[PDB]
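**Student:** Mind folding the following:
(chains A, B, C, D and E)
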Amino acid sequence: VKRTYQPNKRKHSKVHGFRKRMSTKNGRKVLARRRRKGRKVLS
Amino acid sequence: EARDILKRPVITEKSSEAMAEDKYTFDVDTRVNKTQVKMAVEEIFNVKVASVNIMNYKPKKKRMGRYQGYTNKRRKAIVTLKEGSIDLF
Amino acid sequence: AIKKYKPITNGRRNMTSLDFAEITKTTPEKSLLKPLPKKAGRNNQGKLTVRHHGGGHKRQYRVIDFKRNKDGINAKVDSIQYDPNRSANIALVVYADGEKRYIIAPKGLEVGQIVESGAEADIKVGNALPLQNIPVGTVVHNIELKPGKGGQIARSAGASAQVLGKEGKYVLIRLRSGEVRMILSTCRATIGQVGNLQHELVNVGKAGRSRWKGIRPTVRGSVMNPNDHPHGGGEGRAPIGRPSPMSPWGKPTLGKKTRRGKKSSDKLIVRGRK
RNA sequence: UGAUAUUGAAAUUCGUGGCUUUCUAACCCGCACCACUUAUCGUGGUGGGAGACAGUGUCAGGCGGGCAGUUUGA
RNA sequence: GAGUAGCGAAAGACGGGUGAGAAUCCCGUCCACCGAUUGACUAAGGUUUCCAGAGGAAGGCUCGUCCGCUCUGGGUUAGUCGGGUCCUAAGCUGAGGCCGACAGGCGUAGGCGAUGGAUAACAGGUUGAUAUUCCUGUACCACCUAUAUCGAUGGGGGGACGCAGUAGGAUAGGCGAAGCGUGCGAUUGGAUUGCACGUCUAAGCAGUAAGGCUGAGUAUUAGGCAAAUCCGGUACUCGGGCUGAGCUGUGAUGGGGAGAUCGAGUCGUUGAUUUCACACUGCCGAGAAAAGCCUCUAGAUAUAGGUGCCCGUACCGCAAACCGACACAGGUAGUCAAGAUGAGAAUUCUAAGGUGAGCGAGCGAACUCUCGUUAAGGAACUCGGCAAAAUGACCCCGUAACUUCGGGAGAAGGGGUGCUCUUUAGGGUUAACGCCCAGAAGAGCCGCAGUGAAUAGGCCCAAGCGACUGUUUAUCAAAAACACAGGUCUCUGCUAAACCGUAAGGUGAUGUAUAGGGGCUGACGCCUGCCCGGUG
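**Tutor:** Numbers count the residues shown, from 1 in each chain, chains lettered A, B, ... in the order given. Take a look at the structure below.
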């Protein structure tokens, strides 16, 4: 059976990722939130 | 510069077989070209270079008590000589 | 005329088709083509705003001359051609300068004969000229609506209108739908009827031949659920259990008029007919 | 669908008020040409078309399972 | 619960060796299994699993001396391969701009963006681990220096394109040879051209090459935002260019070989799903863009040595390295693909190559599963012929109603099919012999049986429904439900109705009443009666 999640390096970085996040006002809110929690990776 | 370009020579089985010919191996700075590695080997050793091949190597996993950690990333360059020899000893 | 097929297959049982005997060449003039990528009923936002549009055959746009501008310079018809984007055929007319451009082909122009534009031409098929210079009782086509803009009325296969009267600066005319209306006298028109009069008697024949044209299937509202259509719901088959039939957005859709009041053309139209 | 603001002009008409006409200066044109300009955006100029209408704000009446919140005894 | 269930599709055996310990590790022989794949490549994805030494705690459904596991040392080399320093599509962004309580939405010039266009390298050797990258040999491309031309930021040409169909030219590959090389020659009754293998080598250069396309000159000028000798028109005379697979040379005097430092590389025939090539013919559904490239003018002033950057390159890749929590009977684009048999890429057996399945040894109870056979009967079984059985290929003779004249039709129903020997008509290629491909008639021989195995429709009669191909409840429903071609009503005159959105902007549509949106009906045939009081 085909499963969800067929991985894809370039799709992964265009939908989730630093520049995509820093493009929207709500994406910068995600990254602010993860910084005050102290996550080791932000995106 | 020209001593920032070159870091240290490599001494293994595959490199001692290469200087049976006139091929010498160094570990260089990770941010330089072929054409800088070529113009730095004559300024230091005073030889005449015929070619330079470069390789980028990626960081390797390495544990000490099953830990995290990666080695440095490396850039090693094989230079061919037309005139002379490098006695790196 | 209309090529009729033998019933070799159930698909081609009652299926007809044009014979294409008027089309003189079978390849466009390369310097007059644009791309035409499909926009299949989807707008800015990317949402389907018009139903039943989809993926057909690929097409290139040909640049048609709807405002006939080159006046007092003759043009010889070089070729009649096929256009995928409209229901009429098109003609390639070469000017006396060496300037080629397409024209909508009228019902009775053959390859070779000449045409011309401007307010000093002959009243014969293929010519264009303002509406103050057309004698009452002529059938025209490709009728402008604002001067300089280009023709907009009577551009389908077999379409025409005829001039009726004259006011001070306007002109009476009856359209293909029987509505009577006055148009400004400075707006041009072409003499004749649009060709391809047998385009309507074609019997498509297959479901898959309407998928080649870009039409996608229609689900009747009766066989939907109540969250989809006002006509949805019910035991088995149901009648339209409402005073009037409704559209998929809940407006009345049989007899109820939708033209909006306070329009600037409320003066210009005389006799109405849909 | 009305009143009213943006909103002006001259006349005819029957009772200083209304009605209807006509005019154009306001407003409008997904309209032609010319600049910015490499530009099917925009802004400005020029001809044309329409014009005190339309569009827009406030107030008012109709319609309104298209869409909401709910009630539907012991 | 309990020393219980299970231990995940499939064949192993023995000998020798290593070790404290061997069904399980390494070497050998034989046997088996896949082979349009259990073989060879390569995208994606994964990230060191790759290689060599060493180890046996845990992981491995058993064991382990072994490992994709642990330990410490290594391994990826490019002017030409693929990507950037080149082009653009859908989309994504967008100076100024337009819109909006805020936040922001939209959009112009202009940019980003391959799954497409452009673009200069080949053969052989070599490592434990890389190679069109290193080495040997022979090349080609851009630039730089020594020894009129350049030319648009602009114009034109080009680039530049669908689907189907058949015929042809080649070549790769296969096959056969008393063509010639090499290397054997039998201890089971026989035989001795008798048995096995081999039978060639690029890019580049410079030659000629089936086929495919198609008038060429001169003058002229109201067009291509200015210009033009270029293009597009017009009038005149007169009726060889530019592309293209292959082949030959010569490379290179070398390189590789069946093999014993030496060593052959001929002839015939079958031939593509590759190439000439979307060429040619036909059809209607009418089949990207941009740069490189070639010209035009606004304008402007032939050998000798060198130089050539960045990123990827290991290994798995129908799999124990990827997605499925697992060393999981599932899923995972593309290229290559031999012999016998055949229409075949089907079937059965084999090649090149790979593999023997990470628990076993016994015994041969019930009962469960998967498979084979069955007296006499032959649907009596059962809700129901469910399941099983039977049919099955090629050839020939034959074939009903009904029909929309196409069908029904492989209707039904019958007969043939192995091998040997005679004689007999031709058709591919060649000067012949040859070498392939097919037929007809006769006379025999064997068996229970001759598509002797494997793979390959059961038929008929009548009734309801839906015309038909098609679509659907991923994971209890595939249908009489949905589509549909056709029919009908209605709304809509263009800044159209309709629809998305606060608007701006859009779809409709670069369309214009033979057009578009919505409601119902549902091929085709013959038809569709009455009622406008109530509601719209």
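**Student:** Give me the nearest residue to residue C:152, chain neighbours excluded.
**Tutor:** Leaving aside its chain neighbours, residue C:152 sits nearest to residue C:145 (5.2 Å; criterion: Cβ to Cβ, 6 or more residues apart in numbering or on different chains). The C-beta positions use only the backbone N, C-alpha and C, and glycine is treated the same way.
**Student:** got it, and residue A:42?
**Tutor:** Distance criterion Cβ to Cβ, 6+ apart; nearest residue to residue A:42, sequence neighbours excluded, is residue A:34 at 4.9 Å.
**Student:** Equivalent analysis for residue C:144, please.
**Tutor:** residue C:187 (3.6 Å).
**Student:** what number of residues lie near the one you found?
**Tutor:** Using other Cβ atoms under 10 Å in any protein chain shown, residue C:187 has 22 other residues around it.
**Student:** Quick one: residues contacting it.
**Tutor:** Neighbouring residues of residue C:187 by Cβ atoms under 8 Å, 6 or more residues apart in numbering or on different chains: C:130, C:131, C:143, C:144, C:145, C:146, C:147.
**Student:** Report how many residues lie close to the first one.
**Tutor:** Neighbouring residues of residue C:130 were enumerated by other Cβ under 10 Å; the total is 17.
**Student:** The last one too?
**Tutor:** Counted with other Cβ under 10 Å, the neighbours of residue C:147 add up to 13.
**Student:** Would you quantify the distance from it to RNA strand E?
**Tutor:** For residue C:147, the distance to RNA strand E equals 12 Å [Cβ to the nearest atom of the strand, to the nearest Å].
**Student:** what does the first one give?
**Tutor:** With distances taken as Cβ to the nearest atom of the strand, residue C:130 is found 18 Å from RNA strand E.
**Student:** Any idea what that residue is bridged to?
**Tutor:** residue C:188 (DSSP bridges).
**Student:** Near RNA strand D, which residues of the stretch 1-150 of chain C are found?
**Tutor:** C:34, C:146, C:147, C:148, C:149, C:150 (Cβ under 7 Å from any atom of the strand).
**Student:** farthest-separated two in the residues you listed?
**Tutor:** Within those, C:34 and C:147 form the most distant pair, 25.9 Å apart (Cβ to Cβ).
**Student:** Name the nearest residue to the residue nearest in space to the middle of chain A, ignoring sequence neighbours.
**Tutor:** The residue lying closest to the centre of chain A (Cα atoms, centre = their mean) is residue A:16, at 3.1 Å. What sits nearest to residue A:16 in space, not counting adjacent residues and going by Cβ to Cβ, 6+ apart, is residue A:43, at 6.3 Å.
**Student:** number of nearby residues for the one you found?
**Tutor:** Close neighbours of residue A:43, defined as other Cβ under 10 Å, add up to 15.
**Student:** what's the answer for residue C:94, then?
**Tutor:** 16.
**Student:** Give the helix, strand or coil label for it.
**Tutor:** strand (DSSP: H, G, I helix; E, B strand; the rest coil).
**Student:** Now do the contacts for it.
**Tutor:** Residue C:94 touches C:75, C:76, C:78, C:100, counting by Cβ under 8 Å, 6+ apart.
**Student:** Tell me what it is bridged to.
**Tutor:** Using DSSP bridges, the bridge partners assigned to residue C:94 are residue C:76, residue C:100.
**Student:** Tell me the spacing between it and RNA strand D.
**Tutor:** Going from residue C:94 to RNA strand D by Cβ to the nearest atom of the strand gives 22 Å.
**Student:** ditto for residue B:50
**Tutor:** Applying Cβ to the nearest atom of the strand to residue B:50 and RNA strand D gives a distance of 49 Å.
**Student:** Which strands or helices does the helix or strand that contains that residue pack on?
**Tutor:** Using DSSP states H and E, residue B:50 sits within strand B:48-57. Judged by 3 or more Cβ pairs under 8 Å, 6 or more residues apart in numbering or on different chains; DSSP states H and E, the packing partners of strand B:48-57 are helix B:34-45, strand B:74-83.
**Student:** Of all the ones you listed, which one is nearest residue C:15?
**Tutor:** The closest of the helices and strands packed on strand B:48-57 to residue C:15 is helix B:34-45. By Cβ to Cβ, the value is 69.7 Å.
**Student:** list the buried ones in the closest one?
**Tutor:** Within helix B:34-45, the residues that count as buried by 16 or more other Cβ atoms under 10 Å in any protein chain shown are B:36, B:37, B:38, B:40, B:41, B:42, B:45.
**Student:** which among those gets closest to RNA strand D?
**Tutor:** residue B:36 (39.4 Å; Cβ to the nearest atom of the strand).
**Student:** Closest residue of the stretch 1-150 of chain C to RNA strand D?
**Tutor:** Closest residue of the stretch 1-150 of chain C to RNA strand D, Cβ to the nearest atom of the strand: residue C:148 (3.0 Å).
**Student:** ok now do that residue, which residues does it touch?
**Tutor:** When contacts are counted by Cβ under 8 Å, 6+ apart, residue C:148 touches residue C:67.
**Student:** swap the cut-off to 10 Å and go again
**Tutor:** Going by Cβ atoms under 10 Å, 6 or more residues apart in numbering or on different chains, residue C:148 touches C:67, C:69, C:186, C:187, C:188.
**Student:** With residue C:20 instead?
**Tutor:** Contacts of residue C:20 by Cβ under 10 Å, 6+ apart are C:3, C:26, C:82, C:89.
**Student:** Identify the spatial nearest neighbour of the second one, chain neighbours not counted.
**Tutor:** Read it as residue C:26. For residue C:26, the closest residue by Cβ to Cβ, 6+ apart turns out to be residue C:82, at 7.1 Å.
**Student:** before we move on, what about residue B:57?
**Tutor:** residue B:74 (4.1 Å).
**Student:** Verify the contact between the one you found and residue B:25 for me.
**Tutor:** No: in this structure, residue B:74 is not within contact of residue B:25 by Cβ atoms under 10 Å, at 11.5 Å.
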